[PDB]
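Novice:
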Amino acid sequence: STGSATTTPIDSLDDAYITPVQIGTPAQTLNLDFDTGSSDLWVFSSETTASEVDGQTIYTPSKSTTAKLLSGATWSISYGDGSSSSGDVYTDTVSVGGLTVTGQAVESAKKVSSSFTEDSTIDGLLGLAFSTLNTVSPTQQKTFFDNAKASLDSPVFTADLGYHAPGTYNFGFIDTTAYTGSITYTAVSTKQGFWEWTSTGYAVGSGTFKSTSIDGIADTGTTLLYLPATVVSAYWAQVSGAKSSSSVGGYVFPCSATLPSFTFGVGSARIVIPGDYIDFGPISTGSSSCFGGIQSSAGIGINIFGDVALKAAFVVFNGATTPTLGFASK
Amino acid sequence: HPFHXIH
């Protein structure tokens, strides 16, 4: 089996991308943020406290003939931004882009934090990291990818995120029309449960490539590219109005700048992020200051190749017994 | 309005 689904940015900044997923019987369509940085599939539901629901589409398990309560099981998760949710757990059929999994654990939110209530476009998250990070207790549940792998034509799923434009998430096949050249694969470490890999270096603009090892994670659910402080300082040093701003929380620069590109290594290959993708957006509508798309990871603790980097490439999450991460230009 | 998704 395979599936293929359109993923669309939630706003004109590409802050995040949603992908419709059909849950239950008959199917209830919810738009989820596919998150390779976590391993829970959770949704707003008929169980979520009413005052914490502000525009989202809820799953109602009592209307699904295939839903089953997983007795005794509860979950609680917090994310890097401080947001959180918790609740209980059903299994149900879940389909993405025509690929159906039966008995997928669907985590039903009894409570969600303020940031999720204010995000009207995101109905829940679909976690695609390794199932060791899943937060269901007492027994952890597999992600939708792990449950699909027995039926997939190939144990793989690709992310092709667009720049201010829709993209695609494919499961089970590699679309050779979707990228140019060849894919370079690199080793993944699953010791922390993440799609964790080591970039071989970087260059800014038309400058020299510096070989230096950058361990980071590929996270579709983080917007920006967070790199070590001295690498990010080398980048902004090439942009004449750029400065670090404590008030806004990162490097800002005049919107009227043309920004250099940023290249990162994958083994012997090079991925180039166009300058325009790094120009994330004005800090306020009508501002002449813009927020940059590469920021320091020092405060985070880990380096994160978020959507600004992944949307410059076609990325293959190879979930064979020894996983790997493939990157091609597109 | 960037997002930063487990901790």
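In order, the protein sequence lines correspond to chains A and B.
Start counting the first sequence at 5; every next residue gets the next number (the working numbering).
Start counting the second sequence at 38; every next residue gets the next number (the working numbering).
Ideal Cβ placement from N, Cα and C applies to all residues, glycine included.
What span of residues does the beta strand (DSSP E) with A:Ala-77 cover, start to end?
Specialist: Locating residue 77 of chain A in the first sequence gives position 73, counting from the first residue. That run of the beta strand (DSSP E) goes 72-82.
Novice: Nearest-angstrom Cα distance between A:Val-93 and A:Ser-112?
Specialist: Sequence index remark: in the first sequence, residue 93 of chain A carries index 89 (1-based). Sequence index remark: in the first sequence, residue 112 of chain A carries index 108 (1-based). Whole-angstrom Cα-Cα distance: 6 angstroms.
Novice: Note down, in chain order, each residue of its chain lying with its Cβ closer than 8 angstroms to the Cβ of A:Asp-39, except the 5 sequence neighbours on either side.
Specialist: Reading the first sequence from its first residue, position 35 is the one you call residue 39 of chain A. Within the same chain, A:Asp-39 has close Cβ partners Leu-129, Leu-130, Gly-131, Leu-132, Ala-133, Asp-223, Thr-224 and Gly-225.
Novice: Given a cut-off of 7 angstroms, decide if A:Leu-165 and A:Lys-315 are closer than it, judged by their beta-carbon atoms.
Specialist: Along the first sequence, read from residue 1 onward, the residue named residue 315 of chain A stands at position 311. Along the first sequence, read from residue 1 onward, the residue named residue 165 of chain A stands at position 161. In contact: A:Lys-315 and A:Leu-165 (Cβ atoms closer than 7 angstroms).
Novice: So that I know if they touch, is there some Cβ in chain B lying closer than 7 angstroms to that of A:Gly-84?
Specialist: What you label residue 84 of chain A is simply residue 80 of the first sequence in a count that begins at 1. Yes, its Cβ sits closer than 7 angstroms to a Cβ of chain B.
Novice: For A:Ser-118, which option in A:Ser-135, A:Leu-137 and A:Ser-55 has the closest C-alpha, if you only look at C-alpha atoms?
Specialist: Sequence index remark: in the first sequence, residue 118 of chain A carries index 114 (1-based). That would be A:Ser-55, whose Cα lies nearest to the Cα of A:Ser-118.
Novice: Shorter than 7 angstroms from the beta carbon of A:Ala-313 to some beta carbon of chain B?
Specialist: Position 309 of the first sequence, counted from the first residue, corresponds to residue 313 of chain A. It does not; no Cβ of chain B falls within 7 angstroms.
Novice: Quick one: which chain B residues come within Cβ less than 8 angstroms of A:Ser-301?
Specialist: Counting from 1 along the first sequence, the entry for residue 301 of chain A is found at position 297. Residues of chain B passing the Cβ test: none, with the nearest at roughly 11 angstroms.
Novice: Hey, quick one: how far does the alpha helix (DSSP H) through A:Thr-12 stretch, first residue to last?
Specialist: Within the first sequence, numbered from 1, the residue matching residue 12 of chain A stands at position 8. Not the alpha helix (DSSP H): A:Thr-12 falls in the beta strand (DSSP E), residues 7-13.
Novice: Residues of chain B with a CB under 9 angstroms from the CB of A:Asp-19: which are they?
Specialist: Your numbering for residue 19 of chain A matches position 15 in the first sequence. Within 9 angstroms Cβ-Cβ: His-38, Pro-39 and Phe-40.
Novice: Nearest-angstrom Cα distance between A:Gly-28 and A:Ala-317?
Specialist: One-based indexing of the first sequence puts residue 28 of chain A at position 24. One-based indexing of the first sequence puts residue 317 of chain A at position 313. Taking the straight line joining both Cα atoms gives about 33 angstroms.
Novice: Any chance you could list the alpha helix (DSSP H) runs of at least 4 consecutive residues sitting entirely within the segment 146-182 of chain A, in chain order?
Specialist: Runs found: 148-152.
Novice: Residue 1 of chain A to A:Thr-234, Cα distance in whole Å?
Specialist: Absent from the structure is residue 1 of chain A, since the part of chain A shown begins at 5 and ends at 334.
Novice: Of all the residues that make up the segment 202-232 of chain A, which are near chain B by a beta-carbon distance shorter than 7 angstroms?
Specialist: Cβ contacts with chain B come from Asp-223, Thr-224, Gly-225, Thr-226, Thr-227 and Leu-228.
Novice: Using CA coordinates, which residue listed in A:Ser-88, A:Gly-91, A:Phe-120 and A:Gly-330 is at the minimum distance from A:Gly-59?
Specialist: Indexing the first sequence from 1 puts residue 59 of chain A at position 55. Checking every option, the nearest Cα to that of A:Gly-59 belongs to A:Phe-120.
Novice: Would A:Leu-137 pass as an interface residue toward chain B - the criterion being a Cβ-Cβ separation below 7 angstroms?
Specialist: Translated into the one-based positions of the first sequence, residue 137 of chain A becomes position 133. It does; some Cβ of chain B falls within 7 angstroms.
Novice: Using a beta-carbon distance below 7 angstroms, is A:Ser-249 in contact with chain B?
Specialist: Taking the first residue of the first sequence as position 1, residue 249 of chain A is located at position 245. Chain B, which has no Cβ nearer than 7 angstroms to the Cβ of A:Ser-249, makes this no.
Novice: Which residues in chain B have a C-beta closer than 7 angstroms to the C-beta of A:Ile-81? List them in chain order.
Specialist: To locate residue 81 of chain A, count along the first sequence from 1; it is residue 77. By Cβ distance, chain B contributes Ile-43.
Novice: Alpha carbon to alpha carbon, how far is A:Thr-227 from A:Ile-282? Give it in angstroms, no decimals.
Specialist: Residue 282 of chain A sits at position 278 when you count from the first residue of the first sequence. Residue 227 of chain A sits at position 223 when you count from the first residue of the first sequence. Rounded to the nearest angstrom, the two C-alpha atoms are 11 angstroms apart.
Novice: Going by DSSP, which residues form a beta bridge with A:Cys-259?
Specialist: In the first sequence, the residue the question calls residue 259 of chain A occupies position 255. Paired residue(s): none; A:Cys-259 is not in a bridge.
Novice: Among all the DSSP beta bridges, which residues are the ones paired with A:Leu-45?
Specialist: Stepping through the first sequence from its first residue, residue 45 of chain A is reached at position 41. DSSP, once it has assigned bridges, lists A:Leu-130 as partnering A:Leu-45.
Novice: Smallest Cα separation from A:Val-98: which of A:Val-47, A:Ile-178 and A:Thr-212?
Specialist: Your numbering for residue 98 of chain A matches position 94 in the first sequence. With distances taken between Cα atoms, A:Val-98 lies closest to A:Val-47.
Novice: Is the distance from the Cβ of A:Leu-231 to the Cβ of A:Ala-313 below 7 angstroms?
Specialist: For the purposes of this step, residue 231 of chain A is taken as residue 227 along the first sequence, with counting starting at 1. For the purposes of this step, residue 313 of chain A is taken as residue 309 along the first sequence, with counting starting at 1. No. Outside cutoff.
Novice: Check whether the segment 255-262 of chain A touches the segment 294-309 of chain A, taking contact to mean three or more Cβ pairs, one atom from each stretch, closer than 8 angstroms.
Specialist: Because the criterion of three Cβ pairs below 8 angstroms is met, the segment 255-262 of chain A and the segment 294-309 of chain A touch.
Novice: Can A:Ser-217 and A:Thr-202 be called in contact, C-beta distance under 7 angstroms?
Specialist: In the first sequence, residue 217 of chain A corresponds to position 213, counting from 1. In the first sequence, residue 202 of chain A corresponds to position 198, counting from 1. A contact, by the Cβ cut-off of 7 angstroms.
Novice: Just tell me which of A:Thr-326, A:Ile-306 and A:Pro-264 has its CA closest to the CA of A:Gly-220.
Specialist: Numbered from 1 along the first sequence, position 216 holds the residue referred to as residue 220 of chain A. Minimum Cα distance to A:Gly-220 is reached at A:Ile-306.
Novice: So A:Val-320 and A:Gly-330 are supposed to be a Cβ contact under 8 angstroms. How far apart are they, rounded?
Specialist: Numbered from its first residue, the first sequence carries residue 320 of chain A at position 316. Numbered from its first residue, the first sequence carries residue 330 of chain A at position 326. Their Cβ separation, rounded to whole angstroms, is 3 angstroms, which keeps A:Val-320 and A:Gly-330 in contact under 8 angstroms.
Novice: By alpha-carbon positions, which one of A:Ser-293, A:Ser-75 and A:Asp-123 ends up nearest to A:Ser-87?
Specialist: Translated into the one-based positions of the first sequence, residue 87 of chain A becomes position 83. Of the candidates A:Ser-293, A:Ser-75 and A:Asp-123, the one whose C-alpha sits nearest the C-alpha of A:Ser-87 is A:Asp-123.
Novice: Along the chain, where does the beta strand (DSSP E) that runs through A:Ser-248 open and close?
Specialist: Residue 248 of chain A sits at position 244 when you count from the first residue of the first sequence. 247-249 is the span of the beta strand (DSSP E), which, as asked, contains A:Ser-248.
Novice: Consult DSSP for A:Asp-311 and reduce its assignment to one of helix, strand or coil.
Specialist: Counted from its first residue, the first sequence places residue 311 of chain A at position 307. Three-state result, A:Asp-311: helix.
Novice: Let's test the definition: count the other Cβ atoms within 10 Å of the Cβ of A:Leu-34 and tell me whether it reaches 16, buried, or not, exposed.
Specialist: Position 30 of the first sequence, counted from the start, is the residue given in the question as residue 34 of chain A. Counting Cβ neighbours within 10 Å, A:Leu-34 comes out buried, since at least 16 surround it.
Novice: What are the start and end residues of each continuous alpha helix (DSSP H) run of 4 or more residues lying completely inside the segment 175-244 of chain A, in chain order?
Specialist: The segment 175-244 of chain A contains these whole alpha helix (DSSP H) runs: 233-240.
Novice: Give me the Cα-Cα distance between A:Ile-81 and A:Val-105, rounded to the nearest whole angstrom.
Specialist: On the first sequence, residue 81 of chain A is found 77 positions in, with the first residue counted as 1. On the first sequence, residue 105 of chain A is found 101 positions in, with the first residue counted as 1. If I take the Cα positions, the gap works out to 23 angstroms.
Novice: Using a Cβ-Cβ cutoff of less than 6 angstroms, which residues in the same chain neighbour A:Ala-324 once the five nearest sequence positions on both sides are dropped?
Specialist: Translated into the one-based positions of the first sequence, residue 324 of chain A becomes position 320. These residues qualify, in order along the chain: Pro-159.
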